[PDB]
Every structure is written in structure tokens, then in C-alpha cells.
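Colleague: Pasting a structure here, questions to come.
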Amino acid sequence: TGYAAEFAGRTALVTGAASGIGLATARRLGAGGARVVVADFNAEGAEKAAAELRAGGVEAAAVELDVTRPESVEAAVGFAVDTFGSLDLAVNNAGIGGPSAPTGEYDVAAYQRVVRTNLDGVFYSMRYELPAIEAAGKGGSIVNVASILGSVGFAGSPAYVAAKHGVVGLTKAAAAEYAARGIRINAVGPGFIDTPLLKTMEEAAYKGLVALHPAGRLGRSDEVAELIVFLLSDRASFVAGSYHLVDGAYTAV
Amino acid sequence: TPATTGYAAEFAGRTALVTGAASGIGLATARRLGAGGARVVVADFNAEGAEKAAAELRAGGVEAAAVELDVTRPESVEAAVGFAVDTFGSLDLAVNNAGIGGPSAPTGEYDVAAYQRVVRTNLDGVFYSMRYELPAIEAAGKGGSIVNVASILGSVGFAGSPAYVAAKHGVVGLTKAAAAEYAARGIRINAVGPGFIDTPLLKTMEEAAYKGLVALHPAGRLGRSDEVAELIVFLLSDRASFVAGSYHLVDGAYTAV
Amino acid sequence: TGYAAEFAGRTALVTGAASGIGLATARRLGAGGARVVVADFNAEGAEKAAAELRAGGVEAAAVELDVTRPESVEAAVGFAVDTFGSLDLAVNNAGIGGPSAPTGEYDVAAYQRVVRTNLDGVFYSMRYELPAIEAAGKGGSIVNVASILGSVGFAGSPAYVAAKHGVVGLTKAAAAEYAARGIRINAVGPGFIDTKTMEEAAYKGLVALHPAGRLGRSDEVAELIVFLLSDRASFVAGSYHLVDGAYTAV
Amino acid sequence: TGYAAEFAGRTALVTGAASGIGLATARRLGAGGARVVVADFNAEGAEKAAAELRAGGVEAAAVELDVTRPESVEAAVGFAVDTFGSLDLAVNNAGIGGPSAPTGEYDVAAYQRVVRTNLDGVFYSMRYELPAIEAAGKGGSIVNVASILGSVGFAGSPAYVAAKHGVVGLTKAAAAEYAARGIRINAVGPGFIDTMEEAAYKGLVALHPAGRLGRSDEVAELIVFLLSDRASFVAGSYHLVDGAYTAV
Ligand SMILES: NC(=O)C1=CN([C@@H]2O[C@H](COP(=O)(O)OP(=O)(O)OC[C@H]3O[C@@H](n4cnc5c(N)ncnc54)[C@H](O)[C@@H]3O)[C@@H](O)[C@H]2O)C=CC1
Ligand SMILES: NC(=O)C1=CN([C@@H]2O[C@H](COP(=O)(O)OP(=O)(O)OC[C@H]3O[C@@H](n4cnc5c(N)ncnc54)[C@H](O)[C@@H]3O)[C@@H](O)[C@H]2O)C=CC1
Ligand SMILES: NC(=O)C1=CN([C@@H]2O[C@H](COP(=O)(O)OP(=O)(O)OC[C@H]3O[C@@H](n4cnc5c(N)ncnc54)[C@H](O)[C@@H]3O)[C@@H](O)[C@H]2O)C=CC1
Ligand SMILES: NC(=O)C1=CN([C@@H]2O[C@H](COP(=O)(O)OP(=O)(O)OC[C@H]3O[C@@H](n4cnc5c(N)ncnc54)[C@H](O)[C@@H]3O)[C@@H](O)[C@H]2O)C=CC1
Ligand SMILES: [Mg+2]
Ligand SMILES: [Mg+2]
């Protein structure tokens, strides 16, 4: 019974935890009584997030992480086990971004930058998360942040679309591999979410994005945080290998 | 505030109608809403099974009432909905869980009347449920949420069960179109895709047959009704405020491979 | 080997063959040398189609069909086997329809008509086609005509979307059963097809849903259908093939 | 309207064309009358394939290609354009491979190897084919070779699954981008193909309702259909050629 303490005694690693969905998810894990590891490329921004967590009485600690560098990942996971005694839950959330351009004109470097963070980064994240969770070995749960663009395409963002599809596949294979050893792995596909930078777009564009969501609005970070934290929770014990939309019915048409 | 409100009062005030709620996924789902403080309408084709569920909910201190329902009959569906509104004063959440069933045989040999019985209960029934649910929800109008219980067999096929498979794909269909109509009217509409669920009756079957089913699920076991209900009730909740028009698996990673 | 004699000696039943996609599939089956049964609710339209094929040197014969009635589907299959000796191939194309309304106010009898023709019709089609193809018994191939609306929804059309999703489902389950017996069963998902004089901007509205920037043609769907029917697609089964100008890719 | 001349006066680039599906695709494009640029990391293999097609009355030319290197991909595209004047069609088939391990134990270098070839390789290919096909003004067609594992998972092959997923991805976004300008971009999803082990082979087969494995010719036929004008309203879509493998 209950939400307030359902993650008591548990350690949750959240990548890209300094901003947006990552931060909203860090806070949701805290509201559930989890012990939160705030991990981000932005060292001081992770500290700020984790300090704010502690100031609301949540147990949390910051760690500097770059998902593109396997050893930075391994260290972050080591920090989590070091700091809170185990690794139980993970939210692979770090991600960019990428410029908009047709495939034929797309910058090669931009492509690699996108794929390296969005796809490879998630692979590296799981690569070290899984042993630490398995060795524990009280089972566990991982959620990979994909996107609607992990299941449909988007004109002008081929790298991003590629990567995000890749996260979906990464999720299925891994879940097929681990479900029986009591580690659930799932992915979420959020639609376009309200953010400070998206709220700088001009009226024409923002409206365009909005009309693509039959819901009639963009999503909020919190709203993605709820889906993620559910799939992480014991209530979703038979949810494995699956990809869960939170897109205001963007992909239903 | 979701964390201020908590678990036991999450659904306080809200009226929830659940079809097929005398057993299996429906009963578990009825129980999970009640535990969250919902007012519960137990609807079933087994009228006695309904009353039993409602009564035992009431002893557990849940507000609940039973109603006889046959989803194949639009008139029965309408009356059941009217029963919920008449009994608790609104309709806010609904779970179209009623279904069967059907014989196993290849398409070339599949009994025609059996095909009819399966599609009308499984597909038509869900469309009727929604047909009368939506206006009841819309009129009030505080928005609301509807979950349709399809199946893994709504996204993949299964040899020997083409009527069942087709109806369940149909349910995914209903959910998408309906959700695109109503998402901007505050009514969110979703489906769940349970894998094979440890229903009581499929332990009577072969040692082998069971195991064959289990080997189809990477998680290495079959599901429990309570586990589906957990997903159903999250979709119904305000926490899933941006979830609409989508199909959500609760399987063994069945469909992952 | 050749294209004009690709379906030489094989018999093919096409439902709803008097008009649109069914008709174009019939013509494309004919040009490949197939024997063709033109089955359709509109008996006169079927005969007119059968006649045109015969003018082209194509063995073809008309038969009156209501996919809604199981006994009628059975007879249609019987007519195939009696006329040309065998049943090898089938395209389940007969379908409507459905007026528009939000799900909460949708016309119940209209939901009934739509499901019965589009979904039940396809099931009844396969129910009688398969034993005939099987008993032949050198195997065969069936394509069911679904839609983009077999994989995505469309506001205002719950019944149609439901029925077309059913068709995809019926396709996967049947194909699982019969794959090993040498009978391949697939589905196609056309986008909107030029079938005209709508509200000018309503058509443009429909066109804007297709990144290809135009609607599809009947013949275009038929090419995919006939490919899937052919021995070229010998390892294609249980799959749903889009012909939609990228409608569902976004 | 002429099987043997379906692609007459059209230039087709095929990656991984020295073996298996790419080789069979090349032969099928040739039998259809197309000019065929055989591209491979195996220079000698590519050359033995072009030579064989040439002996068959097919205009063909081989080029060395490493799809992980964007510069090597550009050079192949330019080589096709120079040799045959323009480029109209492309099959992006070069792929491996990859060791078998669970995700938590997977080799970091190998994951990269697999992703670099199978995903990045397809993007680099497209990145250079598109402006070339655009140049010819005539609007062509591109098919990418994904897999059943482009849409479903498979224990032990995380890198591969991810990459094949990214292919389907690239296909959708690129096709959305280019359909209006008259270039259709699609993907194929082959099941397991006979191209070894004990009765693990028997295990594979049992995963396909069809009751056998696929043949590289069977894949080729679907690919070439998609490239053809007969598939003129087919774009942005993923086409399975599996044994009903993904259907259950
Ligand atoms: N905002 C949206 O509309 C949607 C976003 N997503 C995904 O949700 C995830 C986060 O999204 P947002 O919160 O909105 O963006 P955000 O900008 O607000 O958050 C990104 C955070 O990840 C961190 N980060 C960036 N690169 C990193 C690296 N190489 N290593 C470690 N940390 C790194 C950044 O420091 C940043 O704090 C991303 O994967 C994004 O692709 C997916 C679908 C919808
Ligand atoms: N039990 C399983 O293995 C799985 C079942 N499902 C779906 O879960 C849903 C519930 O099934 P279960 O709980 O597991 O089995 P169940 O039979 O125990 O519960 C279904 C209930 O629906 C009622 N019902 C049947 N026909 C009705 C009608 N015409 N009108 C009104 N009520 C009717 C039944 O009396 C029964 O109480 C169904 O939609 C089913 O297709 C899908 C995947 C797993
Ligand atoms: N019109 C379009 O743009 C699209 C249509 N489709 C599907 O393609 C199929 C045929 O489409 P169209 O060529 O446009 O239709 P159509 O209107 O041009 O011709 C349909 C034919 O089927 C026959 N028919 C109708 N009901 C029947 C029944 N109960 N029994 C036997 N025959 C019957 C009609 O007499 C007619 O000859 C349909 O299943 C439809 O859902 C799918 C996607 C796009
Ligand atoms: N054989 C199978 O079971 C399936 C294979 N596929 C895919 O179809 C494609 C063809 O595979 P197969 O014919 O079966 O294998 P294959 O070994 O027979 O052909 C691979 C060819 O690509 C070439 N190649 C490898 N790395 C390269 C690089 N970095 N740059 C340029 N060329 C390179 C190889 O030299 C070889 O000639 C691959 O993408 C594969 O992933 C997909 C589904 C089923
Ligand atoms: Mg499967
Ligand atoms: Mg869409």
C-alpha cells in the first residue's frame, strides 16, 4: 500500500538529471522515498539539483557523468553503489538535441554527436548498470527514455530519430535477456514537452507542434516522470521489454 | 497535489464502471480502484458473480454496487451506464474488460457461429461500452479516463485463435480513433495488452501446455490479474494525464521477441 | 522468368472486383496471365469487368458475391473451382464505408454494416478459400485489403478503423496457421486513393496527410497486391505491407 | 512491361554487394537490365562480382567501400556518378555480424563495430546518395536493409537490434523528407537467411512459422520491387520478408 515510501531502501540512478524530464524524474523518485543519484554532464547543475532534493528532506547525491565515455558511466554507477550501498533502479535519460536538416544535407559531426549521446550513451549506461543491479542481487528495474521519434519519423531530425529507434531496440533485446533474472527493462516514448527553449519558439512553430498532438497541448516534464516511475515500481512487475507512450495521442494518427 | 493526496484517496469521489468484473482482471481492477478510494460499479454477465464481488468490496469498506450487463446488447450497455450515474451521481473512469474466449481451430476450419460470438462480445461489446460511456463522461463534464482491455493478441497473432486475435486488434483500433476524438475534450482513452494471465482455469490444462505458454514469456512465468489491474489503474489516473491513444503492454516481454 | 505468364495456370478469386482497387488487381492479375474470377455484390459491374478482361485475352468469369453472407462466399469459391478447375490465389478486397461521427454518438447500425462487410467479410472469405486452396493441393497465397487505418486511427471513423485493425489481426493468425502448409497470407495497407470532387481544400486536407504530396492510384495498390501473390514473395507471410506515400511514417 | 528491361538506363549502387543479399540483389537488378555499381569492403570480391555480371551482358563496375568511413562512402557515390553518368537507385545492404553476449557483459568495441557499420553506415550512405539522386533530376529510390530485428528484439544481440532499429528510423525520417521531391525511401526486414551450428539451426527454423529459413534471392526480389516504379506509392515503410517470424 501507498506511494510515499514505495522505494524505501532503494537507490535510483538518473542520467541527465539536472534538467527537464531527468530533474522531474529525480524529484518523483524522491517523493516515493527513493535514494536519488543525480547524474549529469553539468557537474554544478547536478549538485544544485541534489542539494535542492536534500533541502526537501530527500536522500540524494550528485555525480558528474558523461554518457558517451564508458568509464565515466562505470564510475557514476560505482559512485551510486559507493554512496547508497546498491543499485536498484535506473532511468537512462541523458540526451540531445541535434540540428534540423534533411538527411542529404545533414552534418556528419552533428550526426555522431547525436547518436553517441542518445544511443551509445544508453547502451553504456545499461552495460554497467546491469551487473551492479544483478550482483546485488535483489532484482531491479531500468527505464530508457526514448521518444515518439523512437517509433515514428520526423522530417529534419534523422540522427535523433535513428538514435531513439535504437533505444527502443536496445530496450527489447536487453529485456529479453534479463526478464527471467528479475530485471525489468522498458522504454518510454514522450511526445513534445514544454521546456524553456521550446517556449522561445515563435507562435507559428509552437502551434505547429501543438496541432500534431490531438490532446491539443504539449506535455509537461512531470507527466513523463509519472510514467517512468510507475514502470520502475513493483506495481509494473509484469511490464518488461515494452515501450510506453506519453504523447497526447501523437502516434495514434 | 498527487503526493499530498496519496494512495487511499487518489480516486475519492470518482465513479468507476468496470465490465467483466466478477473475476479475473476485472475483479482485480475493481479491487485496485476501491483501494484507491473509487466508487465502484461491478458489471458482469454473471449477475450473481457481480453481486458477490460488490458485497465483498463493501465489507472491505469500499463503496460498490453490482449490475447485470451483456455487452453484446447496446440496450444492456446503456442501462448499465445509467445505473452507474443513477447510483453514484457521475461516471469518470471506465474499464472495458469483458471478453471471451472461443475455440481453437485453424481459419479454414473455424466455426462460423463461434467466430460471431467471439467478435461480438470482444469487439462490438467494447464499441458499445464506449458508445454509451463517453456521453455519460462528457456531459458532466470533468473529463475522465477509459481503459480498453485488449491483449498481446491485439498486436500479434496466434495460430488457432483468429476470431479472438481479430477482435483484439479491433479494440486497439477503437482505442486510437476514439482517443483522437476525445483527448482535447478531457477524456483520455487507452488500451492494455496483457500477456497470458494465470487465470484459475488454465492450471487444469496439461503440464506441457502450460509450460509451452510459459516459455513464450521471457519473464519465465505467466502474469497475475493484480499486475494487469495495476497498469489499468495507472492509465485511468491523473498521473497519466498525457497518456492517450496508446496501447500498453503488460506481458512477459512476450512481444519483445 | 516472364511477367506476362507469371500467373499462367493459376486461378485467382478477387472480391469487390467490379470497381476501384479490386478491379485494378483483376486487370493486373490478367496481364500476368492469371485466370480470374470477378466476384462482386454488383453483379452487372462484375460481368462488365469479366467481359473487358476476356476482350484482353484473359480467361475470366463473373460471379455475384455478398461477402456478408457466409453461404454466398462459399458458393463464390465453389464457382471458382468449378469454372477453372482450382483455386490458387485470392484477394479479399470487398469493403466499405462508414459515415463519420465521434465514437460517443456513432450510429450503432452503421457500425454493424461496416464491421460485417469489412471484417466478417474477410474472415468468411478466408474460411472457404483456404480449404479449397489447401485441397488443390499445391499451395497458394491470399492478400487481404486492409488500410493505413489498420495500424493507425482516424477521428470520426471508429468502426472502420476497428474493422481494418481486425483484418490485420486475422491476417497474422491465419498466416501463422498456414505458413507451413505452403499458403502465404498477407495484408496491404493503402493510404487514401484517388477513387474526387470534394470541397477543394478538404481534398488538399487529405493530400497534406501524405508526405508524398499526392493521393495514391488504384493500380498502384494492385501492383503491391500482385507482387505479394507471386512466387517472388515466397518468403513473405503474416506481414502487413503499406502503400501509403509515407502517411504512417510520421 | 519487360522484366529484362525494367531498369534499363538506370544506375544502381549496392553496398555489401560481394556476398549474400547484396550479391543476389545486384544479380536481380542486372537481370532487370540495370547498370550495377558493386560496392564492398572486399575489393577482390566486389571485382569478381562485377566481372561475373559483365560476362552476363550487364554493365557493372566494382568499387572498394568502407561504410564506417564517411569519406569512403562519398568516394563510392562519386565513383558511380562518374562511371555511369548519374545515380538513380540505391540498396544499403552492407552489414555484419556481431558477437553474442548479454547487454551487461557486451564488449564495448564490438557494440561500436556493429553500430558503426550497420547504423552509421546506412546514414552515411544515404547522406551521400540523396544529393546525387537529387542531382540527376529524375527522382529515384532507396531501399535500406534492416531486419526482423529492426522491430523485435533478440537476446544476446543488443548492438545489432539497436542498429537495425535505427535503420527503420532513418528510413522513416529520410522518406518523410524526400517523398515530395520524388524519392522513395523504404526498408526490408528479412528473417533468418541461409547465408553454423548443430541443431541450433533447427531452433532458428522453429522460430519461423514458414518452417524453413529464407534465401538471399527471396530478399532480393522484395528489394527490387520496392526500387521499381511499380512501388510508386510505397514510401517510408518497413517490409518484412520473414517466415511470419514477427507475426507471433
Ligand atoms: N523535451 C522533449 O520534448 C522530449 C525529450 N525526450 C528525451 O528526454 C530526455 C531529456 O529531455 P529534456 O529533459 O527535455 O532535455 P534537457 O535539456 O532539459 O535535459 C538534458 C540533460 O541531460 C544532460 N546531458 C546532456 N548530455 C549529456 C551527456 N553526454 N552525459 C551526461 N549528461 C548529459 C544535460 O546536462 C541536461 O541537464 C532526452 O533523452 C530527450 O531526448 C524525448 C521525447 C520528448
Ligand atoms: N485471462 C487471460 O489469460 C487474459 C485475458 N485477456 C483479456 O482480459 C479480459 C478479462 O479476462 P479474464 O479476467 O482473464 O477472464 P474471466 O473470464 O475470468 O473474466 C471475464 C469476465 O467477463 C465476463 N463476461 C463474459 N462475457 C460477458 C458479456 N457478454 N457481458 C458482460 N460480461 C461478460 C465474464 O463473466 C467474466 O466474469 C478479457 O478481455 C480477456 O480477453 C487478455 C490477455 C490475458
Ligand atoms: N477508397 C480508398 O481510397 C481506399 C480503400 N481501401 C480499401 O480497398 C477496398 C476496396 O476499396 P475501393 O476500391 O475504393 O472500393 P470501391 O467502392 O471502388 O469498390 C468496392 C467494390 O466492392 C463491392 N462490394 C461492396 N460491398 C460488398 C459486399 N458486402 N460483398 C461483396 N462485394 C462488395 C462493391 O460492389 C464494389 O464493386 C476496401 O476494402 C477499402 O476499405 C483501403 C484504403 C484506401
Ligand atoms: N543473413 C541474415 O540472416 C540477415 C542479414 N541481414 C542483413 O542483410 C545484410 C546482408 O547480410 P548477409 O548477406 O546475410 O551477409 P554477408 O556476409 O554474406 O554480406 C555482407 C557483405 O557486406 C560487406 N561488408 C561488411 N562490412 C563492411 C563495411 N564496413 N563496408 C563495406 N562493406 C562491408 C561484406 O564484405 C560482405 O560482402 C546485412 O546488413 C545484414 O545485417 C538482415 C536480416 C537477415
Ligand atoms: Mg515475437
Ligand atoms: Mg502519424
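Chains: A, B, ... in order of the C-alpha cells. Residues: from 1 per chain. Ligands: from 1, in order shown.
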If we count only C-alpha atoms, what is near segment 202-211 of chain D at a cut-off of 12 Å, once residues fewer than 3 positions away on the same chain are taken out, given as a ChimeraX atom specification?
Modeller: /B:157-159,216,257 /C:172-185,234-238 /D:148,154,190-194,196-199,214,241-248
Colleague: Among the residues of segment 75-232 of chain D, find those DSSP assigns to strand (DSSP E) from the backbone and print them as a ChimeraX atom specification.
Modeller: /D:89-92,141-145,184-190
Colleague: I need the contact residues of chain B against chain A, so if you could list those with any atom within 8 Å, counting only C-alpha atoms, and return them as a PyMOL selection string, that would help.
Modeller: chain B and resi 3+6-8+176-177+179-184+218-220+223+227-228+230-231+234+239-253+255-257
Colleague: Which residues are close to segment 37-44 of chain C, i.e. within 7 Å by only C-alpha atoms, leaving aside same-chain residues fewer than 6 positions away? Reply as a compact mmCIF listing (two decimals) with C-alpha atoms, in the first residue's frame.
Modeller:
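This went into selection03.txt:
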```
# COMPACT_ATOMS: atom_id res chain seq x y z
CA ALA C 12 -7.40 -16.18 -58.73
CA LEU C 13 -10.54 -15.02 -56.89
CA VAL C 14 -10.91 -11.26 -56.34
CA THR C 15 -13.70 -9.85 -54.19
CA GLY C 16 -15.16 -6.42 -54.89
CA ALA C 17 -13.61 -6.84 -58.30
CA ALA C 18 -16.09 -4.71 -60.26
CA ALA C 50 -15.23 -10.08 -66.71
CA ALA C 60 -12.19 -14.57 -66.73
CA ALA C 61 -15.71 -15.19 -65.44
CA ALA C 62 -18.16 -13.17 -63.30
CA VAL C 63 -19.91 -14.25 -60.10
CA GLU C 64 -22.31 -12.45 -57.80
CA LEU C 65 -20.96 -12.21 -54.25
CA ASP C 66 -22.04 -10.80 -50.89
CA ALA C 80 -14.10 -20.63 -58.92
```
Colleague: Identify which of the residues B:139, B:211, B:57, B:51 lies closest to residue 28 of chain B, counting only C-alpha atoms when measuring atom-to-atom distances.
Modeller: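 Smallest separation from residue 28 of chain B among the options: B:57.
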